[PDB]
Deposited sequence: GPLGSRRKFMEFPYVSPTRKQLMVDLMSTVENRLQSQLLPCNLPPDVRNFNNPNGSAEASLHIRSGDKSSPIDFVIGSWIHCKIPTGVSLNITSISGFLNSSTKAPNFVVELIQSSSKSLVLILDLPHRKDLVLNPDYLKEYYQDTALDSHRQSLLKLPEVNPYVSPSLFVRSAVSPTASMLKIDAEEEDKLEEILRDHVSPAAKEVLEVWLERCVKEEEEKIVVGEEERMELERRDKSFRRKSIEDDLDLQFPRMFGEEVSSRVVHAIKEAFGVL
């Protein structure tokens, strides 16, 4: 209940469905059932300006997964133009050093789209070049970024947030797709974005999830993981959610998210 993705195109919808199904299927034996209140799994603004749905599976202890979060947001800006955000993120706990996973599509017009697809690092890459070799050089991650760039309507996306720029790995696909034809953008999605996203997901599941972390290393992991979670919720939710949904709906959803993220 979330898998409806009602406000987006079928191609995008199918991609989000493929990805969420793959995650839930491959990690079933390590994923708890969703425990969010129903008034947090699906919520909206009293005035009808915004609608969202949230799906969070916590991971078992003795397992490497902290949680998995899937979401969609639909928000009709007073102008009449609707903002549609869809995302799947995978967070690993401090029992492993391996990278997280994120896919996010952010679309305002029929022809323009921001893609964020990455396996965010959980160790300092400069202190730990061995980590960099292990999870990014040895894998084929950079090729997805590169292959997507070839396309004439795909250009680099440079976040206005310096924090988001620093939190993604050096292989991250941060892309702005500007296909001035709805037909072309959807063609980009199924032929290009979709195989990229599915392939990035596969290396996360086999190379990061599947497989001891030292006392001070785990403490470092938790500290950095917590810093990431705390800062991003402050930037992304603590002003945009009260605005999109009202202060009633936000406070309870934000609290539920904070609790889930352990912040």
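**Q** So which bits of the deposited chain never got modelled?
**A** According to the record, the gaps fall at 1-7, 219-223, 276.
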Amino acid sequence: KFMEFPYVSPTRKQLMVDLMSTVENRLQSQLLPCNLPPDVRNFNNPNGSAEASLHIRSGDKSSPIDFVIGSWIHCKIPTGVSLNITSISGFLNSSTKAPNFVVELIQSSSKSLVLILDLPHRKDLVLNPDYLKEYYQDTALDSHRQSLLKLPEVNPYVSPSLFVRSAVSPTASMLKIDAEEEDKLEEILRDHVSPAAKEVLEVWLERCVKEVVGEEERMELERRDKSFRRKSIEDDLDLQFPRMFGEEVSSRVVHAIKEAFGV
From here on, numbers count along this sequence of modelled residues.
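**Q** In the PDB record, does 227-235 or 212-220 carry the higher mean Cα temperature factor?
**A** If you average the C-alpha B-factors of 227-235 and of 212-220, the larger mean comes out for 212-220.
**Q** Where do the C-alpha atoms have the higher mean temperature factor in this entry, in 72-80 or in 169-177?
**A** Higher mean C-alpha B-factor in the PDB entry: 72-80.
**Q** Which is it among 142, 134, 186, 118: the one with the largest CA B-factor in the entry?
**A** Each of 142, 134, 186, 118 was compared by C-alpha B-factor; the highest is 186.
**Q** Just the C-alpha B-factor column, please: which of 109, 146, 155, 86 has the biggest number?
**A** 109 has the highest C-alpha B-factor of those listed.
**Q** Rank-wise, by C-alpha B-factor, drop residue 123 into the lowest, middle or highest third of its chain.
**A** Tercile = lowest for this residue's CA B-factor.
**Q** Would you check the entry's CA temperature factor for residue 254 and let me know if it's in the chain's lowest, middle or highest third?
**A** Highest third of the chain for residue 254's C-alpha B-factor.
**Q** Please place residue 19 in the lowest, middle or highest third of its chain according to the CA B-factor in the PDB entry.
**A** Lowest third.
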